[PDB]
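Step one of this worksheet: look at the structure below.
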Amino acid sequence: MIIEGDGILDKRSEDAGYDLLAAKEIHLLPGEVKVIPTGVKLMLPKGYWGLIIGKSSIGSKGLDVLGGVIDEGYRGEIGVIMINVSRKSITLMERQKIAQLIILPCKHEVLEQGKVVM
Amino acid sequence: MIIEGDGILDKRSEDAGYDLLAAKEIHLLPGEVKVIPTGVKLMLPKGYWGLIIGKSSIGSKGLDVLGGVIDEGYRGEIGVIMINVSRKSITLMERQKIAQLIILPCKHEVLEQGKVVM
Amino acid sequence: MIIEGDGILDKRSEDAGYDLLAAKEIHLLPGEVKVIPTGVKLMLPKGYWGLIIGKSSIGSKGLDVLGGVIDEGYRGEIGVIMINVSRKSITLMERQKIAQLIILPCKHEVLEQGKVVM
Ligand SMILES: [Mg+2]
């Protein structure tokens, strides 16, 4: 996969996802939602999309990833939508691992308006 | 895919998911969780399940999708469980795009009670 | 799939995921995040990872699953990171169904630093 940028790491073959990094320091008070820039652009492989999902180490602090879908044709900078749903302030440091990207297959079906059975 | 109902849109082939729409206007104060009706029933293709996941435009407002799994055999009306985890009230308008549905493959394995290695 | 432990249930072939159970009673005040033990270890099938995602019955109460990725090589006890993002206290009972595990395919790609097109 072609990438451009400094915020995504090669993964081990036994891991599902690539680490995504914060491109700058981010402060999140309780309740705050911010789009965290990663500095990364990429060319997803044809036939696939990208799921941005939490790291367990980050989720255990009460930070959540909102949204999560990178469409095959998305070519701009990846932002991770992060919310502090905990009741303690958190600071994410520049270059800290904040989420992971997992590549999954796409399925395209026509929608047919009819009668749902069963 | 056979659908019945007015709250799901055809997608571009370069997009992962189908937009899901609110079937009525929904108000969410901070902290409120509601099951938002979409008015949609569908027949998932055999061998697949449906992931309901957030839209980036909605997640950036601090709304989250809870749950997310539509099982292949589910034939009733799709509801999107939405929570306002932000600290500002939000109104979702009738027919607004509130989430997306992505079709993913199913894997069925027997569970065997034994000794986990490695 | 080889499992070791008392907190994961066989699934119907028409369901996407396996139920995960709380290994002990858990109290969550509003805003609290806890790693809920399941008592389960497993050997994911090679070529796959495990997505821990919410049950609709649990998500409708305003509990969310944070994180969610079990990597193919993970052999320790599965913990479900659960947060009460609602404004009502909740108690999860011992052996209650708290989340589901869905097995999904892995995709491994090399990252190539270059110029993103299109
Ligand atoms: Mg969430």
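Heavy atoms only: backbone and side chains are in, while hydrogens, waters and symmetry mates are out. Below, read A as the first sequence line, B as the second, and so on, with proteins coming before strands; counting in each chain starts at 1.
Contact annotation for B/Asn84: neither backbone nor side-chain heavy atoms come within less than 4.5 Å of a heavy atom of chain C. Residue C/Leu104 touches chain B through its side chain alone, counting heavy-atom pairs closer than 4.5 Å. When heavy atoms are compared at a cutoff of 4.5 Å, B/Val33 approaches chain C solely by way of its side chain, counted from C-beta outward. B/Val85 touches chain C through its side chain: at least one heavy atom from C-beta onward sits under 4.5 Å away, while N, CA, C and O do not. With a 4.5 angstrom heavy-atom cutoff, C/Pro30 does not touch chain B via any of its atoms.
Heavy-atom pairs under 4.5 Å with chain C peak, among B/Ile83, B/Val69, B/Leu44, B/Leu51, at B/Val69. Of the listed residues (C/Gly5, C/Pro105, C/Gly17, C/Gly73), the greatest number of heavy-atom pairs within a distance under 4.5 Å of chain B belongs to C/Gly5.
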Between B/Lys115 and C/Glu4, does the side-chain contact (heavy atoms from CB on, under 4.5 Å) criterion hold? Intermediate values first, please.
CA-CA 6 Å; B/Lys115 175 90 165 131; C/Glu4 189 182 319; 3.8 Å; yes
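Applying the 6.0 Å contact sphere to NZ of B/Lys107 captures more than 12 heavy atoms from other residues, nucleotides or ligands.
For the pair C/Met43 and B/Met118, the minimum side-chain heavy-atom distance is 4.5 Å or more. Annotation: side chain of B/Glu32 is not in contact with side chain of C/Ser86 (no heavy-atom distance under 4.5 Å). At least one side-chain heavy atom of C/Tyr18 sits less than 4.5 Å from a side-chain heavy atom of B/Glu109. Proximity of C/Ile3 to B/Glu112: side-chain heavy atoms (C-beta onward) are nowhere separated by under 4.5 Å.
Of all heavy-atom pairs spanning B/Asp71 and C/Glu14, the tightest one is CB-O, 3.7 Å.
The side chain to side chain contact (heavy atoms under 4.5 Å, CB included) with C/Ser56 is formed by just one residue from the set B/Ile81, B/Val35, B/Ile70; it is B/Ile81. Just one residue in the list C/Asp64, C/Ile58, C/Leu63 forms a side chain to side chain contact (heavy atoms under 4.5 Å, CB included) with B/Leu66, and that residue is C/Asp64.
At least one donor-acceptor pair closer than 3.5 Å links the side chain of B/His108 to the backbone N or O of C/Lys11.
With rounding to the nearest 0.5 Å, the separation of OH in B/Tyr74 from CG in C/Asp15 is 12.5 Å. For the atom pair OG of C/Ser60 and NZ of B/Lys34, the computed distance is 14.5 Å after rounding to the nearest 0.5 Å.
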